[PDB]
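Chains as they are written, first to last, in PDB author numbering: chain A, 1 to 20; chain C, 1 to 20; chain B, 1 to 20.
Written as structure tokens, this is what we have:
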């Protein structure tokens, strides 16, 4: 389970990042 | 099963990035 | 298969906006 939760967050962070 | 659930999230990140 | 289908749409949609 933790590998899925870390992968999902690492793949989403660049979208958020590019609005700031 | 969780590999598949993380891929669905990851994989749609380019839809968000194309909107904003 | 669905991740790939969605990626294709993300890249097609903005092309449409350049016509109209």
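Cβ atoms here follow ideal geometry from the backbone N, Cα and C, with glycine treated the same way.
8 angstroms Cβ cutoff, residue i in contact with chain B
i: residue 14 of chain C; result: yes
Per-residue contacts from residue i into chain B (C-beta, under 8 angstroms)
i: residue 5 of chain C; result: Residues of chain B passing the Cβ test: none, with the nearest at roughly 12 angstroms.
Closer than 7 angstroms at the beta carbon, the chain C residues around residue i
i: residue 1 of chain A; result: 2
i: residue 8 of chain A; result: 6, 9 and 10
Residue interval of the alpha helix (DSSP H) (run including residue i)
i: residue 19 of chain C; result: 2-19
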